[PDB]
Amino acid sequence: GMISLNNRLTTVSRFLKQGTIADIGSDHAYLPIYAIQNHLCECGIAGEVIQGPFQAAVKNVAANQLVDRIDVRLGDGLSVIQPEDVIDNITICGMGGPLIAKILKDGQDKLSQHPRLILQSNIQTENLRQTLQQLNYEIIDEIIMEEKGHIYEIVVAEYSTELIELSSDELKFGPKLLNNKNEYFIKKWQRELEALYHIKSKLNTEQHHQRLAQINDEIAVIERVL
């Protein structure tokens, strides 16, 4: 029947443009299946990095009668993208910011048709914003939201004919999310402060001068924005 997604991925789906979705490291092709069942996209590519998710995606596409509309591919990151593909959206979800960043940078040659990027980061989204900036991408929307008590960020970006430089605060906190600072922004960064002060409970100041200087600088950045 109709697939139901979690709220994190449902929220991602609301940023899809019409056409093709390429879901990278897909969670068993459910986001592409949902997108087609709901008429958000026409066609899909589901990239799966290892055999288990690959085999599951193949079975799920077949079970939903979408074998002619979603192409399930085995490969890491953007390695699955083929030269003849027409891709309107690349989605990369359920990963840390640093991994999404690495996928985009390592795969940058696959971005020539300038698709919309919809990235859903679990942690440390700074790295992905730094990479987007390097790739002539511009953040056009951001969401911060909570599901099952965990806070997730969604970053929506499109290609710009000039590189868009972000400040240190915009990279760390988000150029859109800074404009709003919703209850989930405050909760996320309160939690991150608690984690940084907790690290200070574990590191002797005589033995960790360099590392503690970095932690204290980061605390001061967050305390200024809250």
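Numbers follow the displayed sequence, beginning with 1.
Relative to its counterpart among 142-150 and 116-124, 142-150 has the higher mean temperature factor, C-alpha atoms as listed in the PDB entry. Looking at mean Cα B-factors across 185-193 and 26-34, the upper value is held by 185-193. For the set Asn60, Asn179, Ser160, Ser168, the PDB entry puts the maximum C-alpha B factor at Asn179. Ranked against the other modelled residues of its chain, the C-alpha B-factor of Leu16 as given in the entry falls in the middle third. Split the chain's modelled residues into thirds by C-alpha temperature factor. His39 is in the highest one. In this PDB entry, the Cα temperature factor of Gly174 sits in the bottom third of its chain's modelled residues, the lowest group. The deposited CA B-factor of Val67 belongs to the highest third of values across its chain.
Per-chain ranking of the deposited C-alpha B factor places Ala46 in the lowest third.
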